[PDB]
Amino acid sequence: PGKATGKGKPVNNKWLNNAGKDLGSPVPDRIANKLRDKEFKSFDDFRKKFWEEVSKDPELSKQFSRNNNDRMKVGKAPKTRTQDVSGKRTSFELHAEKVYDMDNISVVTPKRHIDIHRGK
Amino acid sequence: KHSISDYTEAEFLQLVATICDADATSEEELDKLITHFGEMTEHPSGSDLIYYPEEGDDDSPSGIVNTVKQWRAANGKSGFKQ
Ligand SMILES: [Zn+2]
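Chains A and C are the protein sequences, given in the same order.
Mind the numbering: the first sequence is residues 450 to 547, 555 to 576 in the deposited numbering, read in order.
One rule links them: number in the deposited numbering = place in the second sequence (from 1) + 1003.
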């Protein structure tokens, strides 16, 4: 029964441009605001609700295409570009740096999620 | 489902609109679909045509179909059945 805590961070209008490097892109503060009034059932329930809220924020929703907002409305992560694709991993990933502290969660591309857990 | 030319436009459309509906398909499905659609289209863009459509490019199902069909033609590859 899962709860989320954390502040997140203020973000720009190219939220996921950094998702390729380091630990990625942060949970945005306004999203965090909403997620902390919720209850979850798994990190999976957390993930789906995370995408949901993204779809609804004026200032984030604007950065995704229609077909992407369409996924995120039912809790699926946005598809990456094809060039950031790896294997059968085609959408953006949450990475946990360790009940859900959103100040240690972030958003990465697949190939960066890869490198992160193989120590590069 | 062997080439774009095994397909009627109407047939391809239904396929595209399906890809484009997110509660239509489990994620492993969509995956198969999306991979088919790049094979069918031989478009260099692939599924950026679906999710990173360029500025002012009609991204409805028909809008995609259309684009495929206009590119495919100025390249002159094969088109749809009938
Ligand atoms: Zn991870």
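Here a beta-carbon is modelled for each residue, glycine too, at the ideal position from N, C-alpha and C.
Of the listed residues the options, nearest to residue i (C-alpha basis)
i: residue 465(A); options: 570(A), 569(A), 512(A); result: 512(A)
i: residue 1042(C); options: 1077(C), 1079(C), 1008(C); result: 1008(C)
i: residue 564(A); options: 534(A), 498(A), 505(A), 556(A); result: 534(A)
i: residue 1063(C); options: 1004(C), 1011(C), 1022(C), 1005(C); result: 1022(C)
i: residue 509(A); options: 455(A), 475(A), 493(A), 492(A); result: 475(A)
i: residue 457(A); options: 507(A), 482(A), 528(A); result: 482(A)
Nearest-angstrom Cα separation, counted from residue j out to residue i
i: residue 1083(C); j: residue 469(A); result: 39 Å
i: residue 1080(C); j: residue 531(A); result: 23 Å
i: residue 485(A); j: residue 546(A); result: 19 Å
i: residue 451(A); j: residue 557(A); result: 11 Å
i: residue 1014(C); j: residue 495(A); result: 37 Å
i: residue 504(A); j: residue 566(A); result: 21 Å
i: residue 1024(C); j: residue 516(A); result: 8 Å
i: residue 500(A); j: residue 1078(C); result: 39 Å
Residue i - partner residues in DSSP beta bridges
i: residue 1084(C); result: 1011(C)
i: residue 465(A); result: According to DSSP, which records beta bridges pairwise, residue 465(A) is partnered with nothing at all.
i: residue 535(A); result: 538(A)
Practice prompt. Let me have the residue list for ligand 1: C-beta closer than 7 Å to any non-hydrogen atom, ordered along the chain.
Written response: 544(A), 545(A), 569(A), 572(A), 573(A)
Worksheet item: Taking only runs of the alpha helix (DSSP H) that begin and end inside the stretch 493-518 of chain A, which ones reach a length of at least 4 residues, in chain order?
Response: If only complete runs of 4 or more residues are kept, the stretch 493-518 of chain A shows the alpha helix (DSSP H) at 507-510, in order along the chain.
Worksheet item: Residue ranges of each alpha helix (DSSP H) run of no fewer than 4 residues wholly in the stretch 1008-1078 of chain C, ordered along the chain?
Response: Listed in chain order, they are 1012-1022, 1030-1044, 1051-1054, 1064-1074.
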